[PDB]
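The structure under discussion appears below in the form of C-alpha cells.
Number of protein chains: 2
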Amino acid sequence: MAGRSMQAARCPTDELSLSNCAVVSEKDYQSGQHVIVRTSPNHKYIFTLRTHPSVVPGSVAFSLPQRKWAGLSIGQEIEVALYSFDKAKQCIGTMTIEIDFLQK
Amino acid sequence: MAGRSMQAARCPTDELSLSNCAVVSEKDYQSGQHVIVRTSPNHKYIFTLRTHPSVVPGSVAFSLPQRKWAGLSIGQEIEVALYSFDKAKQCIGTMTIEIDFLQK
Numbered sequence: 001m002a003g004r005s006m007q008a009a010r011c012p013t014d015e016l017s018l019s020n021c022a023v024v025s026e027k028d029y030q031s032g033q034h035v036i037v038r039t040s041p042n043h044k045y046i047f048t049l050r051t052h053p054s055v056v057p058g059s060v061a062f063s064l065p066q067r068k069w070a071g072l073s074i075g076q077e078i079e080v081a082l083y084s085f086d087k088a089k090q091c092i093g094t095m096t097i098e099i100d101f102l103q104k
Numbered sequence: 001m002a003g004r005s006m007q008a009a010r011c012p013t014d015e016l017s018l019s020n021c022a023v024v025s026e027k028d029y030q031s032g033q034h035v036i037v038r039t040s041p042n043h044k045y046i047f048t049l050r051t052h053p054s055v056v057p058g059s060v061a062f063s064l065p066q067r068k069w070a071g072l073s074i075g076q077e078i079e080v081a082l083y084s085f086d087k088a089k090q091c092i093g094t095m096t097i098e099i100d101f102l103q104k
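Here the protein sequences come in this chain order: B and C.
Note that PDB author numbering has the first sequence beginning at 1, numbered continuously upward.
Note that PDB author numbering has the second sequence beginning at 1, numbered continuously upward.
Listed below in C-alpha cells is the structure:
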C-alpha cells in the first residue's frame with residue numbers, strides 16, 4: 001500500500017507490451033490493479049498491473065514503450081505503490097490520442 | 001487432446017506449403033485433422049494438419065508463410081492440441097481474400 005522498492009525487468013511477451021499494462025509476478029500484485037511507479041520525487045507514472053508467471057517476484061517488467069515514456073532502464077531501482085483511482089472523477093469519458101505508425 | 005509439447009520444423013514439399021496445412025507425421029496424427037498451437041499464455045494459432053512420412057515423430061513442419069503468420073521459428077518449443085470444429089456454427093460460407101503478387 002505505502003509502496004515498496006524493487007528492480008525493473010524486461011517485458012516477457014509482446015501482447016503484454018501491447019496492453020499498456022506493466023507485467024508483474026503473481027506473488028507481487030494481481031491483474032486489474034493500478035499502481036504508481038516512482039523513480040524520483042518528481043517522476044511518477046501510474047500503470048495497470050497484469051500478472052505473468054515469468055516475471056520474477058520483487059520486480060516489474062516494462063516494455064520498451066513504457067520504459068521510454070517513464071525513462072525506466074532495466075535493472076534500475078523503482079518504487080511501486082498500490083494506487084486507488086478516484087473513479088468518481090478520474091474516470092475518462094473522452095480522451096484525445098495522437099496516433100502515428102510505430103514503425104515507419 | 002490434452003495437449004503435447006513439440007518443436008517446429010520446415011515444410012518438406014512445395015505442394016504441402018501450397019496446401020496451407022501443418023505438415024505432420026502419420027504416427028503423430030492423421031491427415032485432415034485440426035490443431036491449435038500455443039506459443040505463450042495469450043499466443044494461440046489455429047492450423048490444419050496434413051500427414052507426410054518425412055515428418056519426424058514429435059515434430060510438426062510449418063511452411064514459411066505459416067511460420068511468419070503465427071510468429072513460429074524453426075527450433076522453438078510450442079504446445080499442440082487437437083481441436084474439433086463446431087460445424088453447427090463454425091462453417092465458412094463466404095471468405096474475403098485480399099490477393100497480391102507473392103513475388104513482384
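We put the CB at the ideal spot given by N, CA and C, even for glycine.
Counted within 10 angstroms of its Cβ, other Cβ atoms place residue i as buried (16 or more) or exposed
i	result
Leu18 (chain C)	exposed
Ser25 (chain B)	buried
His52 (chain B)	buried
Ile78 (chain C)	buried
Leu72 (chain C)	buried
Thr94 (chain C)	exposed
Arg4 (chain C)	exposed
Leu102 (chain B)	exposed
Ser63 (chain C)	buried
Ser31 (chain B)	exposed
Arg50 (chain B)	buried
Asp86 (chain C)	exposed
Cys91 (chain B)	exposed
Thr13 (chain B)	buried
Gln66 (chain B)	buried
Short CB-CB distance (under 8 Å) between residue i and chain B
i	result
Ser40 (chain C)	yes
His34 (chain C)	no
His43 (chain C)	yes
Proximity test, residue i beta-carbon vs the ligand ATP heavy atom, cut-off 7 Å
i	result
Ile78 (chain B)	The ligand ATP is not part of this structure, which contains no ligands at all.
Within-8 Å CB hit, residue i to chain C
i	result
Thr48 (chain B)	no
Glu26 (chain B)	no
N- and C-terminal bounds of the beta strand (DSSP E) containing residue i
i	result
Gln90 (chain B)	Counting along the chain, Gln90 (chain B) falls outside any beta strand (DSSP E), though it belongs to the alpha helix (DSSP H) covering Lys87 to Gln90.
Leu82 (chain C)	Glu77 to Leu82
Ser5 (chain B)	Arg4 to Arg10
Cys21 (chain B)	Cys21 to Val24
Continuous alpha helix (DSSP H) stretch holding residue i: start and end
i	result
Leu102 (chain B)	Careful: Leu102 (chain B) lies outside any alpha helix (DSSP H) and carries neither H nor E.
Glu15 (chain B)	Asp14 to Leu18
Quiz prompt | Contacting positions in the region 72-97 of chain B - beta carbon closer than 9 Å to chain C | solution = none
Quiz item: Which ranges would you report for the beta strand (DSSP E) in the region 27-74 of chain C if only whole runs of at least 3 residues count?
Solution: 34-40, 43-51 and 59-62
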